[PDB]
Amino acid sequence: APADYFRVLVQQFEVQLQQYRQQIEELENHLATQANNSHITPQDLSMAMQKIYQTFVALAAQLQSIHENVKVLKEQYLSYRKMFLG
Amino acid sequence: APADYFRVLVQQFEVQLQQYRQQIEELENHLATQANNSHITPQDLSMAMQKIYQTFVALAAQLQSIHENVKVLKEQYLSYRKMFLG
Amino acid sequence: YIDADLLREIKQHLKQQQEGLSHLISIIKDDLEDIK
Amino acid sequence: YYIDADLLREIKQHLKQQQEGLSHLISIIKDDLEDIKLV
Amino acid sequence: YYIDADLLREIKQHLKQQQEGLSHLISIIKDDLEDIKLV
Amino acid sequence: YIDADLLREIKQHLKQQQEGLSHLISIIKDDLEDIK
Amino acid sequence: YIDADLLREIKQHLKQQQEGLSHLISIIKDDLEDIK
């Protein structure tokens, strides 16, 4: 059923959202002050900047395919309308 | 210079330490209560459990090679002692 | 050292846990809001 | 201790672009949903 | 909502093993350093 | 969209930033303590 | 006159011969002692 497929794309999207969210908040705090910045190294930030950019890329992909999916809902909804309502 | 090599192994170790540390604290909070657990999904924890186990594996590797490195300090320190102090 | 069967079990268990679309959506909505 | 006051600025800029990136995609998606209600 | 009260226990157990794992390695390393001072 | 030159620059900059072994060690010591 | 292949062979052979650290050290210790 499409409800099993939908739930999946939705679920993956929600994980990259949570993923990115945590990371960003994490990195915000580390750069919030020099006091908190001293408990980290310039090689940790370098690590985080990667982890974060990787999520961004995956998240941006999920938003993109969500866009394509909505494009498909419209096309098919439009087609049905021409068949049954015109 | 060995001070450039040392600083590196030490630095990587410090990153996996910080990495693991953040993740664990992160996961602790999510499972701290059902109130906080409701803002996450069973597919997020599944994600984190992986991220965490991956760090653990890399951290465990770094601790292992640190052990081998200390084994080498001892062997060479012991050798020098036999050459110069016996 | 590390029990393989357990991590496996933990995996299986979470996968079998199910998503309440209503709930899912609400999390996403708050996630998007908390950022953009 | 810490990092350059401008290295901070660079990262903050990078993160902002990432944000603008994701928001643009969300924007587009919203136009799609809104246009559905209009068609 | 949340997860099983025992699924929680399973994860908590897994994390503990990971901890015991790392601590064992630290232990060994400490014995090495201590034995260096003794030899 | 995303400026490649900048992320690169940010990489280069952090790599060139240097480690104070003394500081490094103190972080590790507190990290190990905060866990084991 | 002089066989190149042989000296080469003699070189190769001695290089492939191996050092018993234990033995090495004992020689050094007696060398240092026999002098300083």
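Scope of the values below: all heavy atoms of this structure, side chains included, with no hydrogens, waters or symmetry mates. In what follows, every chain begins at residue 1, and chains take the letters A, B, ... in the order their sequences are listed.
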Less than 4.5 Å apart, side chain to side chain, heavy atoms only: is that true for [X] and [Y]?
X       : Y       : value
F:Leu14 : F:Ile10 : yes
A:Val10 : C:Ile28 : yes
C:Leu32 : D:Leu22 : no
B:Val72 : B:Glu75 : yes
F:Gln17 : D:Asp4  : yes
E:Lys30 : E:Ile26 : yes
E:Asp32 : B:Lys74 : no
A:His67 : A:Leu63 : no

Looking at [atom1] of [X] and [atom2] of [Y], how far apart are the two atoms once the value is rounded to the nearest 0.5 Å?
X       : Y       : atom1 : atom2 : value
B:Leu59 : B:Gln64 : CG    : CD    : 12.0 Å
A:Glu28 : A:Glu26 : CD    : CD    : 11.0 Å
A:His39 : A:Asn29 : NE2   : CG    : 10.0 Å
G:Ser22 : B:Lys82 : OG    : NZ    : 7.5 Å
C:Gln12 : E:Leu7  : CD    : CG    : 10.0 Å
A:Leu85 : A:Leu78 : CG    : CG    : 10.5 Å

*asked:* For a side-chain hydrogen bond (donor to acceptor under 3.5 Å, both in side chains) check, start with the C-alpha distance between B:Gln12 and B:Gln16, then their side-chain angles and the critical distance, and finish with the verdict.
replied: CA-CA 6 Å; B:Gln12 293 167 171; B:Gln16 290 309 115; over 6 Å; no

*Report, as yes or no, whether the 6.0 Å neighbourhood of atom NZ on E:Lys16 holds more than 12 heavy atoms from other residues, nucleotides or ligands.*
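Counting other residues, nucleotides and ligands, NZ of E:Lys16 exceeds 12 neighbours.
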
*Can you tell me if CD1 on G:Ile2 sees more than 12 non-hydrogen neighbours from other groups inside 6.0 Å?*
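At most 12 heavy atoms, drawn from other residues, nucleotides or ligands, come within 6.0 Å of this atom.
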
*asked:* Restricting to side-chain contact (heavy atoms from CB on, under 4.5 Å), what partner residues turn up for F:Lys11, sequence neighbours left out?
replied: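 Once residues adjacent in sequence are excluded, the partners of F:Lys11 under the side-chain contact (heavy atoms from CB on, under 4.5 Å) criterion are A:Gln50, F:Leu7.
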
Applying the 4.5 Å side-chain criterion to the ILVMFWY set and letting contacts propagate, would [X] and [Y] be lumped into a single cluster?
X       : Y       : answer
A:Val57 : A:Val15 : no
A:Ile66 : A:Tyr77 : yes
B:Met47 : B:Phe56 : no
B:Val70 : E:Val39 : yes
A:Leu27 : A:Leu17 : yes

Nearest non-hydrogen partners of [X] and [Y], listed with the distance:
X       : Y       : value
D:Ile3  : A:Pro42 : CG2-CB, 4.3 Å
B:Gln62 : B:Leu9  : NE2-O, 4.5 Å
E:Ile36 : B:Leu73 : CD1-CB, 4.5 Å
A:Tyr20 : C:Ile35 : CE2-CG2, 4.4 Å
F:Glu9  : D:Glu10 : OE2-OE2, 3.2 Å
E:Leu25 : B:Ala60 : CD1-O, 3.5 Å

Exam field: side chain [X] to backbone [Y], donor-acceptor pair closer than 3.5 Å:
X       : Y       : result
B:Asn69 : B:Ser65 : yes
F:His23 : A:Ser38 : yes
A:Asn37 : A:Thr33 : no
D:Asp35 : D:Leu38 : no

Distance only, no hydrogens: is a donor on one side chain within 3.5 Å (strictly under) of an acceptor on the other, for [X] and [Y]?
X       : Y       : answer
B:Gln11 : B:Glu14 : yes
C:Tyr1  : E:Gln17 : no
B:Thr41 : C:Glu19 : no

*With sequence neighbours left out, write down each residue that passes ring-ring contact (aromatic ring centres under 6.0 Å, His included) with E:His14, or none if nothing qualifies.*
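Result, ring-ring contact (aromatic ring centres under 6.0 Å, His included) vs E:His14: B:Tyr53.
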
*Which residue, B:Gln23, B:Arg21, B:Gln22, B:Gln18, forms the side chain to side chain donor-acceptor pair (under 3.5 Å) with B:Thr55?*
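With B:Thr55 as partner, B:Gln23, B:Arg21, B:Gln22, B:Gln18 yield a single side chain to side chain donor-acceptor pair (under 3.5 Å), made by B:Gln23.
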
*Go through the steps for A:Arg7 and A:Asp4 under the test side-chain contact (heavy atoms from CB on, under 4.5 Å), then give the verdict.*
CA-CA 5 Å; A:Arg7 64 186 287 181; A:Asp4 295 314; 3.5 Å; yes

_Going by salt bridge (charged side-chain N to carboxylate O under 4.0 Å, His left out), name the residues that satisfy it together with C:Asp5, two or more places apart in sequence or in a different chain._
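Partners of C:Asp5 under the salt bridge (charged side-chain N to carboxylate O under 4.0 Å, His left out) test: C:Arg8.
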
*Would you mind checking if D:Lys37 and D:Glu34 are paired as a salt bridge, meaning a charged N to carboxylate O distance below 4.0 Å?*
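No salt bridge links D:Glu34 with D:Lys37.
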
*Evaluate side-chain contact (heavy atoms from CB on, under 4.5 Å) for B:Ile40 paired with C:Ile27, printing each intermediate quantity in order.*
CA-CA 8 Å; B:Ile40 203 72; C:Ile27 287 177; 6.0 Å; no

